[PDB]
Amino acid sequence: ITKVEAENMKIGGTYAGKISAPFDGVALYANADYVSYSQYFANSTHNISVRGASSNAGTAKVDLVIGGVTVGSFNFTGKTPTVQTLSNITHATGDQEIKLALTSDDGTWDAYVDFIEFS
């Protein structure tokens, strides 16, 4: 397993910033808010998990982008943190940017991101 905390990544966008509740992590508020870091991959295919939460009862959606290509998304509904998992995602090998980004914000929720895990 490879686990990287959101709070240790590059944080970007107009509003993105760290939070301490409901976990140590990062809040994404508006479209183009993101966290990213560079990951070396020896292998092409991983199960990918992100722990996160919504700011409210709504469903926060976070895109997963690897090497600039969107490979899936994670949905977090409600304020209680959950772990969301994409199974068997194939992506580029070598050094690749990993980004968790908002693209579907509409002023009804914010997304809280705790960590990403590759297995």
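Position 1 is the first residue in the sequence shown; the rest follow in order.
Just going by the entry, 86 to 94 versus 71 to 79 on mean CA temperature factor gives the higher value to 86 to 94.
Just going by the entry, 21 to 29 versus 102 to 110 on mean CA temperature factor gives the higher value to 102 to 110. Of the candidates 65, 62, 57, 35, the one whose C-alpha carries the top B factor in the deposited record is 57. In the deposited entry, the Cα temperature factor of residue 4 sits in the middle third of values across the chain's modelled residues.
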